[PDB]
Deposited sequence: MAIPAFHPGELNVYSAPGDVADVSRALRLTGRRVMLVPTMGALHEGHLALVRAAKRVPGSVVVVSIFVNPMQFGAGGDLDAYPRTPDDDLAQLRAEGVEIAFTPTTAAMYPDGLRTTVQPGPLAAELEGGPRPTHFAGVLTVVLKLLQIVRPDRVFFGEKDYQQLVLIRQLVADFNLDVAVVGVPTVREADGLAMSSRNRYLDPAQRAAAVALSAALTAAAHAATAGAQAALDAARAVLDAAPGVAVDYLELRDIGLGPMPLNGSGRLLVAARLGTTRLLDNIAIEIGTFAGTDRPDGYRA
C-alpha cells in the first residue's frame, strides 16, 4: 500500500521507506524524478537548483533536507511550497542510520586535497549520504551547485565508479550583486569582512579574463586581487583541469580559491579557458 501522494501539493515524508515507495510509484506513472539534496536553511542558490529541476518536462522534484552528522524547518517548507515542489524528504538521523555507522563510502585520492586538507573525512560523509539518498529516491537526475565544485567532482566520481544510474547536473553558482558566491556563511561576516569577501570572486573573474594571456597571467592576476584585500587569509588558490587533475597546458580548467576572513571560511571557483 503506497503512502499518500497529492499531486500539485507539497508532500512531506520522513520515512525513507515512504519516499522510496512514492518515488517508484511516480516513476511508473510517467514522472521524471529529480533530486535536490540540501542541508536546509535554504537560500537563492538552493532555489536555483529547484528551478533547474522544475524545468525538466514531466519532472517531480524531490528536495531532501537532512543535516548529515558525518559530513528553520517551516521557513524552508514554505519556500519549497512557494517553488511548486511536490516532495520534501526530511528524515531523522536514526532513520538514515538505523544500524549506526557501519558500511561507508571511501572517496578516491581527490578527497585528500584542497578542502580535504582541513577536513579529511568530510567527503566520506558527504558521498556516503548522497549514495544513500540516491538509493532511496532513485532519481533520474540529481542537482548540485558548482559552488562546492570539489564535492561535485567527487559525486561525479561516485556515480562513475559505482556505475550508478543517474545524471549529475551541476548548476552555476548564484551570486550576490557584487559577485560574492551565495552561502549561509555570508551572514556571519561583519561589514569590513563582507566588503573584503568580494576579492574572492573579483580575483577569479579577473583570472578568467586574463587567461587569454596564459595560465601564469591568470594566476598572478587572481593573486594581485587577493593581495589588495585586508584580512583575507588565502588557504589555497589552485588552477586544475575540470576534473581537478593537473591543469593541461592549454584548454579548459577550473580555478579554485579558499580563504579565511576572521573565523569564516569562504570558497569560490570559476571556469577558466587557457589562451
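Residues of the deposited sequence that lack C-alpha coordinates fall in the stretches 1, 73-84, 289-301.
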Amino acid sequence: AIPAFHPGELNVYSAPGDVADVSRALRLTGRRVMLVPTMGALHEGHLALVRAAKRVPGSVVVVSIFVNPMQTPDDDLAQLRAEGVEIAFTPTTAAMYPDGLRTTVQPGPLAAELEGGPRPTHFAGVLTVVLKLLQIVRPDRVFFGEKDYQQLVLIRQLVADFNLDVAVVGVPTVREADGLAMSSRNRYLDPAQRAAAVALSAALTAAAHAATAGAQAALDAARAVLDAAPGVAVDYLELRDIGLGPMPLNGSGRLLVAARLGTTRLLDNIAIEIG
From here on, numbers count along this sequence of modelled residues.
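In this text, the rigid core denotes the largest set of C-alpha atoms whose superposition between the two forms falls within 1.5 Å.
Annotation: of the segments 50-58 and 239-247, 239-247 departs further from this form in 9 other deposited structures of this protein (C-alpha atoms, root mean square over structures and residues, core superposition). For the pair 135-143 and 92-100, greater average C-alpha departure from the shown form in 9 other deposited structures of this protein after core alignment is found in 92-100. As the entry records it, the average C-alpha temperature factor is higher for 35-43, out of 35-43 and 222-230. For the segment pair 3-11 and 264-272, the entry gives 3-11 the higher mean B-factor, averaged over Cα atoms. Taking the PDB entry at face value, the top CA B factor among 71, 151, 157, 205 belongs to 71.
Comparing C-alpha B-factors across 163, 104, 173, 184 in the deposited entry, the largest value falls on 184.
Residue 201 sits in the lowest third of its chain by CA B factor, as recorded in the PDB entry. Sort the chain's modelled residues by C-alpha temperature factor and residue 147 lands in the middle third, per the entry. The entry lists a Cα temperature factor for residue 27 that places it in the highest third of the chain's modelled residues. Annotation for residue 215: CA B-factor lies in the middle third of the chain's modelled residues. When the modelled residues of the chain are ordered by their C-alpha B factor, residue 51 lands in the middle third.
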